[PDB]
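What follows is a single structure, written as structure tokens, with notes after it.
Reminder, nothing fancy here: chain letters follow the sequence lines and each chain counts from 1. Hydrogens, waters and symmetry mates play no part in the numbers below; they use all other heavy atoms, side chains included.
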Amino acid sequence: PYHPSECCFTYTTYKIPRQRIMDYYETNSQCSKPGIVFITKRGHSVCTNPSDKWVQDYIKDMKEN
Amino acid sequence: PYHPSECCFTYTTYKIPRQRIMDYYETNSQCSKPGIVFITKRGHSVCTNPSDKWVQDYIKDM
């Protein structure tokens with residue numbers, strides 16, 4: 001219960017090609033900036049702005065229900 | 001970092017037995033509060049208050 005939290009302090013400016021993306025999560029509400037971290041198929045974690053349309057579109061398309 | 005960074009929003013109030021500690025790092029300077037993260041032998045990450053004496057004592061010995 002004392003695990004640290006992941007926060008984003010900068011955001012990628014490039015659109016990560018959709019075919020390279022596996023997973024995402026939203027950073028902790030307590031972080032000082034909003035953040036969506038995408039995890040690629042190779043295992044890299046990339047901070048992105050939740051307010052970018054491509055971010056929102058990827059998240060929509062990744063819905064599993 | 002374009003990858004995310006670790007921050008601590010809560011600290012433990014109690015000392016981790018020194019023999020269960022394997023490693024440590026400091027959270028990112030951009031974090032709102034400064035944190036020392038200890039890595040235990042079980043592989044756990046534990047947020048601690050850098051102003052706690054036992055934390056400073058462990059950090060020095062490491």
Side-chain angles (χ1 to χ4, degrees):
Chain A
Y2 320 101
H3 201 269
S5 295
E6 297 275 4
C7 296
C8 287
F9 291 116
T10 190
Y11 299 138
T12 193
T13 61
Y14 80 115
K15 187 171 143 302
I16 305 171
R18 171 87 247 272
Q19 189 59 29
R20 297 210 224 120
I21 280 139
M22 181 188 206
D23 192 25
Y24 77 92
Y25 57 90
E26 188 169 21
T27 57
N28 198 295
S29 69
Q30 292 188 82
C31 297
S32 61
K33 306 184 63 179
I36 296 294
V37 173
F38 284 102
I39 307 176
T40 69
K41 281 169 184 184
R42 263 305 258 247
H44 308 300
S45 283
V46 188
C47 286
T48 69
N49 196 331
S51 106
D52 284 356
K53 191 189 177 239
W54 73 264
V55 179
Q56 299 168 353
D57 294 348
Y58 284 13
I59 285 169
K60 289 192 195 208
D61 191 71
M62 288 177 73
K63 201 186 141 73
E64 303 186 327
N65 56 212
Chain B
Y2 275 91
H3 56 86
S5 337
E6 287 74 26
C7 302
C8 289
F9 298 118
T10 193
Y11 310 123
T12 189
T13 66
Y14 55 72
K15 189 168 180 272
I16 303 154
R18 227 258 81 155
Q19 285 323 288
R20 310 298 310 159
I21 300 280
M22 203 80 147
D23 204 357
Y24 79 97
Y25 60 83
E26 318 187 345
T27 58
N28 200 285
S29 359
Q30 310 183 74
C31 296
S32 57
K33 14 146 89 181
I36 288 295
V37 183
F38 285 110
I39 292 144
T40 76
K41 292 184 186 185
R42 293 181 58 189
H44 287 181
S45 296
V46 180
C47 279
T48 72
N49 193 342
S51 93
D52 285 352
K53 186 59 168 190
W54 71 268
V55 174
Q56 307 160 3
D57 286 346
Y58 284 19
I59 276 180
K60 161 176 77 271
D61 154 269
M62 284 167 243

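- Counting non-hydrogen atoms of other residues, nucleotides and ligands closer than 6.0 Å to NZ of A:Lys60 gives a total of 12 or fewer.
- Atom CZ of A:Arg42 and atom CE of A:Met22 lie 13.5 Å apart (nearest 0.5 Å).
- Here A:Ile16 contributes atom CD1 and A:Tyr58 contributes atom OH; the two are 7.5 Å apart, rounded to the nearest 0.5 Å.
- Note that OG of B:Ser32 is 8.0 Å distant from CD of A:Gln30, once rounded to the nearest 0.5 Å.
- Nearest approach of A:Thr27 to A:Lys33, heavy atoms of both residues: OG1-O, 4.0 Å.
- Residues satisfying the side chain to side chain donor-acceptor pair (under 3.5 Å) criterion with A:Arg18, sequence neighbours excluded, are A:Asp61.
- The shortest side-chain heavy-atom distance between A:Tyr24 and A:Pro50 does not fall under the 4.5 Å cut-off.
- No chain of hydrophobic side-chain contacts below 4.5 Å, direct or via other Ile, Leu, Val, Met, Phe, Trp or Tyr residues, connects A:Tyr11 to A:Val55.
- The distance from the NZ atom of A:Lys41 to the CZ atom of A:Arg20 is 11.0 Å, given to the nearest 0.5 Å.
- Under the 4.5 Å side-chain heavy-atom criterion for ILVMFWY residues, no single connected hydrophobic cluster contains both B:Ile36 and B:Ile39.
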Trace of the disulfide (SG to SG under 2.5 Å) decision for B:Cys31 with B:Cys7: CA-CA 6 Å; B:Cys31 296; B:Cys7 302; 2.1 Å; yes
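- For the two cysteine residues B:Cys47 and B:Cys8, the thiol sulfurs sit under 2.5 Å apart.
- Proximity of A:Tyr2 to B:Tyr14: side-chain heavy atoms (C-beta onward) are separated by under 4.5 Å at one or more points.
- The distance from atom CD of A:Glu6 to atom CG of B:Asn28, rounded to the nearest 0.5 Å, is 11.0 Å.
- Distance check: B:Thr40 OG1 to B:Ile21 CD1 gives 7.0 Å after rounding to the nearest 0.5 Å.
- Taking a 6.0 Å sphere around CD of A:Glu26, one finds it holds 12 or fewer heavy atoms contributed by other residues, nucleotides or ligands.
- In this structure, the side chain of A:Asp52 does not engage the main chain of A:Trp54 through any donor-acceptor pair within 3.5 Å.
- With hydrophobic clusters built from ILVMFWY side chains whose heavy atoms lie under 4.5 angstrom apart, B:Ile59 shares a cluster with B:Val46.
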